[PDB]
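Read in order, the letters of the first sequence are residues 47 to 105, 109 to 313, 342 to 363, 464 to 792 in the entry's author numbering.
Only one structure is covered here, and it is reproduced in the block below.
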Amino acid sequence: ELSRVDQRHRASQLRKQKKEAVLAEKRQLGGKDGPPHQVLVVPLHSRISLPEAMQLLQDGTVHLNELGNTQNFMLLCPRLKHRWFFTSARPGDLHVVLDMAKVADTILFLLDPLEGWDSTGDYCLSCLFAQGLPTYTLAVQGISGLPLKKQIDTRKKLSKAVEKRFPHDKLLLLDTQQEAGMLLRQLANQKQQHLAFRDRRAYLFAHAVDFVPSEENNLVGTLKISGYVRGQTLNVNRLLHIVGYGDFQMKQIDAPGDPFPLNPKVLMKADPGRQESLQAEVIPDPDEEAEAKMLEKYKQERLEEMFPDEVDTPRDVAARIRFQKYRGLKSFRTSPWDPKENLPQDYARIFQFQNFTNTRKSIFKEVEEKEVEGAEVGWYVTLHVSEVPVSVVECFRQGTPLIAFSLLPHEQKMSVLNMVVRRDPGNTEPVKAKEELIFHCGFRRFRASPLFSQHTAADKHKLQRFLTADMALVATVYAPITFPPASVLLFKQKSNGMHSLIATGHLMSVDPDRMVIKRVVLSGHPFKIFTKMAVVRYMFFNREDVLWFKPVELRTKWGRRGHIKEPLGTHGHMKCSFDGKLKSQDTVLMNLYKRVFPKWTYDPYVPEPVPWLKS
RNA sequence: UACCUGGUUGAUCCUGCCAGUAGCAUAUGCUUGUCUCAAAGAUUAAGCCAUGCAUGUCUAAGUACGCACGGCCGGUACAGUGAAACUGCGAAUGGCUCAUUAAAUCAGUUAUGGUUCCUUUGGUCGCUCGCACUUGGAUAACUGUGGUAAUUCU
RNA sequence: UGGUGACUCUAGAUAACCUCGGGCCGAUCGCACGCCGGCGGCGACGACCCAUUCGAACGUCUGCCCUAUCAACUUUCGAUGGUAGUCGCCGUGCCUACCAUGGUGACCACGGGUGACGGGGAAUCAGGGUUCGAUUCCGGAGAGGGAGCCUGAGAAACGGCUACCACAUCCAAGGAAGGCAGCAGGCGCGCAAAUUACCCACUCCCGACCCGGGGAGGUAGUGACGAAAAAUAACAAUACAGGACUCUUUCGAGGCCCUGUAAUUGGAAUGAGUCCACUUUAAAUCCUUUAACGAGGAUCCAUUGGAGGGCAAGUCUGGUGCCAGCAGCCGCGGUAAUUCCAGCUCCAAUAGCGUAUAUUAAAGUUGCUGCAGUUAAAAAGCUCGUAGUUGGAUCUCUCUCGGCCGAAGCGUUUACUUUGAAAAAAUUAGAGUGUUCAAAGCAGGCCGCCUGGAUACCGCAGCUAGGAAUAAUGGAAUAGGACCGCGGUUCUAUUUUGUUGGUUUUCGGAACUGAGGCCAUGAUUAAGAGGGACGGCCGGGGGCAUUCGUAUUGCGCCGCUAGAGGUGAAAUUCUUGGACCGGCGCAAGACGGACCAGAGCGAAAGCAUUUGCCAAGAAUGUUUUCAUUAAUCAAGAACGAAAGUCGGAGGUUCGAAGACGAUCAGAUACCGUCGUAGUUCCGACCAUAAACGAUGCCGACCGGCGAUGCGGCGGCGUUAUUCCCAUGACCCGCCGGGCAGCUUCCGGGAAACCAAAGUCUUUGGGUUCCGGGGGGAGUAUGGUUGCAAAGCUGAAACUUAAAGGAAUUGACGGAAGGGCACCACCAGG
RNA sequence: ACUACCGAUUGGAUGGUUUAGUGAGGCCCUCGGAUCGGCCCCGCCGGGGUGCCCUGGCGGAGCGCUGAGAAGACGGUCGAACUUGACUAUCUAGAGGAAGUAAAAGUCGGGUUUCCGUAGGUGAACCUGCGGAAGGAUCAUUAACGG
Numbered sequence: 047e048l049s050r051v052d053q054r055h056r057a058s059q060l061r062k063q064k065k066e067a068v069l070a071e072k073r074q075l076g077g078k079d080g081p082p083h084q085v086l087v088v089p090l091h092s093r094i095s096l097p098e099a100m101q102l103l104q105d109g110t111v112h113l114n115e116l117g118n119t120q121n122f123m124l125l126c127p128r129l130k131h132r133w134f135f136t137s138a139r140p141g142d143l144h145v146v147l148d149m150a151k152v153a154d155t156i157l158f159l160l161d162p163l164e165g166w167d168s169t170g171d172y173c174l175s176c177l178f179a180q181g182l183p184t185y186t187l188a189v190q191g192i193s194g195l196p197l198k199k200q201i202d203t204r205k206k207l208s209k210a211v212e213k214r215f216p217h218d219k220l221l222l223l224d225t226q227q228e229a230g231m232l233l234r235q236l237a238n239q240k241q242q243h244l245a246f247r248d249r250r251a252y253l254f255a256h257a258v259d260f261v262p263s264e265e266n267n268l269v270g271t272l273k274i275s276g277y278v279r280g281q282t283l284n285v286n287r288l289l290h291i292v293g294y295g296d297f298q299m300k301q302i303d304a305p306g307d308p309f310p311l312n313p342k343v344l345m346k347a348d349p350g351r352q353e354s355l356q357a358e359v360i361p362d363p464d465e466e467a468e469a470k471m472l473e474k475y476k477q478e479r480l481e482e483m484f485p486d487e488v489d490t491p492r493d494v495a496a497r498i499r500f501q502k503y504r505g506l507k508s509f510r511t512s513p514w515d516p517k518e519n520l521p522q523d524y525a526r527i528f529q530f531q532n533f534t535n536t537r538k539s540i541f542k543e544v545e546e547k548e549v550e551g552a553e554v555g556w557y558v559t560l561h562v563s564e565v566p567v568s569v570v571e572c573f574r575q576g577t578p579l580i581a582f583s584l585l586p587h588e589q590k591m592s593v594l595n596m597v598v599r600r601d602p603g604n605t606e607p608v609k610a611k612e613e614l615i616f617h618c619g620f621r622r623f624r625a626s627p628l629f630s631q632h633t634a635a636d637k638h639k640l641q642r643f644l645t646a647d648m649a650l651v652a653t654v655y656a657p658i659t660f661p662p663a664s665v666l667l668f669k670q671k672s673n674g675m676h677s678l679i680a681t682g683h684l685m686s687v688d689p690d691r692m693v694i695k696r697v698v699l700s701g702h703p704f705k706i707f708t709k710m711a712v713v714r715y716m717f718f719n720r721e722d723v724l725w726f727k728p729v730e731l732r733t734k735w736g737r738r739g740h741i742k743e744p745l746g747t748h749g750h751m752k753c754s755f756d757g758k759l760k761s762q763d764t765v766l767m768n769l770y771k772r773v774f775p776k777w778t779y780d781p782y783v784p785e786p787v788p789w790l791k792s
């Protein structure tokens, strides 16, 4: 490039460009045009009382909103030219923390001085890492509640206790109002993490919610979700999803006056009939017994880890009947399988994409590179919803918040979701393949019966009958369609409504063509050995059983590969050819493959979790 | 401690590089009980900066009429301490960074017989043949009236 | 007057000047107060100037990294110099005016780049060196970019001002205000870096100042950057296991034997911790010192990498099965996995240890010490030639002024060596001294004293004084050369012509000159260096003209002609007009065989018919001449096979291209028939080759042999029909310079091989070019030459663990021979 | 569907040498005189020496004279910067062209020793034309020549 001025001027140009990008990013929050900065406060340890820090932090002009249980307020300061919205959460109550930490702009964690944090807070923090961190900001409370002598070593011990979970952060303390000024200054200017799962749709937080019942006996009426738009330009025709209560149609948007402007009734849109998105999720045209079962599950998992899929052939039931729908494959990787060969009535009830990647690109470019005529971000708007149950307002009076987000096109239909997911080491309870588990798949909450498979690059995926503690699996189930990326969480009712976390991951591409193959290997003990010829017993029990499964190729735990020549006895006595000679301590085994499909167990309603505790 | 080892071939002897070996410096991973030293926004961006601080100053010895004070003794010009303000000096030292800059900077060497110099130190300070037992006019400090949304504005 | 090495210095005299935007010659304060109405001691501030100190500012000599795909730069608008000025604190093209046309450069100017602030210095390192230095000390530069100022002794100052640019804060929209490359903090950038703490107590600085201020600085906080010390256990008895010793044939048994291992037993001793008190300190913290509690290993529990080779420590067990993976490299995985993943065991370092990148030593793989160039990567195609580098032998202290000495010249000038004085501290090497040891530190030690706080290095360049080998350079050869006296011309003597005005005092010194004497008067020698002469020759050395041969081709004539041409076979083609053929000729261009050699000449490319001319050329011979004139060469220049390219001529043969015919599962290579440019000559381009001895040029030493060419020398004998004298041709030697061969344990070398490819770790005669694993690639780009084709110079991105060189065997011959056997054959049974 | 070249849009933007022009602000010079003060002149007056010499105060005009002096301006100078073309140098959106890659078992299917330099065959390999090399495997003979 030469000519030192030329290199310098090119560098100055690039500097200008990246500074313009950064400045264009940072005005989107906490300002005259920006929406308020939502800060969610979690006291991790049980010794901390959030009211103490909450009143140290509340002083600036305050506006104390109130709810049934939680207490969140609005803060406005022209000194820092900053609008804050502080909302408090309790650890263990994973409902509230999970469904309102996915819209909060910055999370402030409180830590006791003596210990790191509570085990319940440890569970909460594990779940929050697994679903996505907006911005964490470490804080402590009891540092100045001790003399200096133990104070410095207390900070040292906390710094020791944090580096195992948070890799490196400074611990910013809260004891005085001036320290709260330092913290507020810190939270005003942070390297904001763009959690793209928030940004790609039009998500809105509700400050007011009013129910106008059309008919009180029908227990359904018009809802007034008024608050701030925080994602994209929100459009009426796109449907609206409430995080705990499903996706449904919204009828009207108005824009009233904002409650808290930084420097101190008209309707925006009604939904046209033809341009509306239609609510069509499917195609229109068509005590000690539990302990004993748990021990049986333990024995089954122990049997299905040292032996992969060894199934003993029953001598009562005929073998070609019990494995009627199975087929044999020469090689798992290379042998073709038709994805449209055998389909039930369930895949005649979902929606398929001709090309997912093209559709995802088109939808994302239509969101980003195009502008719609809806209300812009930062606006204090009100949404009138035609169809909603009453009880959500009751929940709005309980203490849980309401968050409503406008969906992408084709996000309400049913499809076959595939979730890349690995087991959390905190839980060790054996989970079978077709169990009913709760998915938190990115603002959605539902029980499902998934199917676990390997996460390889090939076409066929062998079904996993149990969840492995290190291998990363793919959970496949009928589910409402969601566009990746998406944080995915797996929970189970342990006892008394305690949601236990098992596994977490991301959402992979959604398609029904990803077939899952269930395998069964049948064992046989070779009791006669010639050179490259063997006579094997106890694999079948009839005579026509060997004749039915003639073309299937036998393999061997010691690596030999063969194919059967003839049946000899009336019982299961079987002549087999081989590449080489078997050892005397050897077993032959034959692979049988079938296509397996997930169960249709989907329901959007979820029970409210109780506060989590350790056994 | 003036050192070498594996790798071309059927095998050998070579040229020859690749790789290993030791250092030293930055980053980073994993782990970390004592104790004494101790580097630390140089590299990328000599990019941008919210807020606080970083440069002030009085002796017996320039100017005291702020009762601001305890306080003389009373017509005692000025008893004392002394805010403020004028005056004098400093603020050009220090700190910071390495962008510029290739006989430039810089280093040793010489020169000012080609110059400037606060301060400090020693000299010089009735050499001059031409109201002074004390000269003049202001201006702050203070009193009082104000302007401007606003300033260490006036 | 006084002084420097040198003044246009300092001092003195005279004539004057001395700015109204002006120069000094106390209209000042404090402290005690006191003596014959007047005189006074001490201190503070001040002041024109001088000197000083702290500096600043310009100059001087020497010393920077990479680049030629940067070779000419500078000068209209100062570039180099001269004179006068302007401005400046001064010296100057610093600026102006007038002149002159200069100044720098292959000793690399000018232009670029730099991931450049320079140095002290850091890391490594035998010796040499290589790399780094933003960074606490010194010097410099800048406060977002440029610019211009105020005030002041000192600023082109930014914690001062004024503008424009770029950002950017408060508005009441009229305006106002900026500058963290200061300390903390944020954003941003990133692989990458700490507290919006406390204090002026230490160190020092500032002020009016025994008092005030100090994000300078100190002190704590974060801190596995790096560095020093150093715990995680010690002893005894048992209980086993081994090893030796003794007694026992052995098995076995003992020891006042050894060595291990024990969630075995016993006691004692401790620190990490929790905590008091003191000390520390500005107040603290820490370290140090005390009470109190505080330890049985089944924890107050050590990690990080590894166990195929390099490279220490397992062919241990289970799982996965050329999958997953491991592995820097070589490689492993395809089922007994020595390499993956676990367990156990073990190794390495150890409060540390992995990885990535940069750089260093290894790398004698950047070579000055100290590499290589026949075949592995490499010597230019060849010669000339400038700068550069290098270069034969030779030669052994004094005359005046002052007290035997000091002053003055030295001696042609340097390089070299040695000494001396100057060369910042820290860092480094290093002396001393129990920081408890140590890294450190500069302290400390003894009954108020006694001491330390050294030293060495500090390259080059510049001063200094000796040395005179070695290496340069000079002193007399048209003799206007030295040393002495004998004279002239001119300018001058600073005192002796008491005081003088003087034409003259004398004396002596300087520049040009005429003879004389004097010097042992003055020229080292002739390289087994070179040049140049001269003699006889010698050669396919070159050019011009001339001449000859033979073949081929064409034409004319005669004769016989029906086939001829070609091939492994064939076929295309010519011919009955008349081929091929045999002969007589003519013409056209070509080429100079056999002679022809391990010969010859030429710088190489290359050069072969006779004769003449032209100018060369080596070697030999010389008791010739010049006397160092030489070797190799960046730049630059002639020649340069074939092919090619421009203009002409001529075209016999042959022939790129192009046209036929054969040959087939697939032939398009293959073979034979024609045929254009070309091959030839003349004049210009082109400048490349396997341009090859795959071996730069010059010089020295180092084995043998017996042939050849040229020249010379010495010769028994043989031939010119015995030769009448010399003279050519054979034979035996010797010398010099060549062309080559044989052989050697000269020595080299990886070897093949080589009398050089030797005299090379026992490494240095001079010099030129050039190579750095293999590809990309002699490619792209740029410059330059060329009509063009092309040539010369010439990368990188990316890519691989080999590519390569010499020699030794033979699995195998689809290579050939033998030889064997009534389990093979002949004759047969 | 994913890369990465070329490129229609002078695509736009910014900087360094610049040609020409314009030129903020400071400084210097020439001016200028908002004002402030003084020297006079009157009118009211008090004193001394004998209405006259000078005094203290007030107010007035006399463009009477004098000292200081602000704004502003011509001119010089340094000079940031602004506009216009050229040389550039760089950053940043793009219709399209030519490519390639993963996905379709979809349709049709004998010769040569090895080179080097040039020129032609069609760019290269290969072949041929001309000139060169070995880095490519030497068996047999060779005294007389006089009459």
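Built from N, CA and C at the ideal position, the CB exists for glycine as well.
Contact check for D756 against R738 passes: the beta carbons are separated by less than 7 Å.
Taking a contact as a CB-CB distance under 8 Å, the pair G555 and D79 counts as one, their CB atoms being some 6 Å apart.
In this structure, DSSP gives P97 a helical state, which the three-state scheme calls helix. Contact check for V693 against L769 fails: the beta carbons are separated by 7 Å or more. If you check the CB distance, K590 and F643 do not come in under 7 Å. If you ignore the 5 residues before and after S512, its C-beta comes within less than 7 Å of the C-beta of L506, all in its own chain and listed in chain order. Taking 7 Å as the cut-off, the beta carbon of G619 is found no closer than this to the beta carbon of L283. Ranked by Cα distance from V723, the options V697, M751, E358 are led by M751. Of the residues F774, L197, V687, the one whose Cα lies closest to the Cα of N532 is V687. For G276, the enclosing beta strand (DSSP E) begins and ends at 269-278.
No Cβ-Cβ contact shorter than 7 Å links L666 with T645. In the structure shown, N595 adopts extended strand secondary structure according to DSSP, grouped into three states. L759 has no beta-bridge partner at all, per DSSP. In the structure shown, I658 falls within a coil segment according to DSSP collapsed to helix, strand and coil.
The straight-line gap separating the alpha-carbon atoms of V593 and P521 is approximately 14 Å. Looking at the DSSP output, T186 bridges to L157.
When the Cα atoms are used, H91 and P162 turn out to be separated by approximately 10 Å. For the 7 Å CB-CB criterion, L232 and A99 do not form a contact. If you draw a straight line from the Cα of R696 to the Cα of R132, it is about 59 Å long.
Per DSSP, the unbroken alpha helix (DSSP H) holding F533 starts and ends at 533-545.
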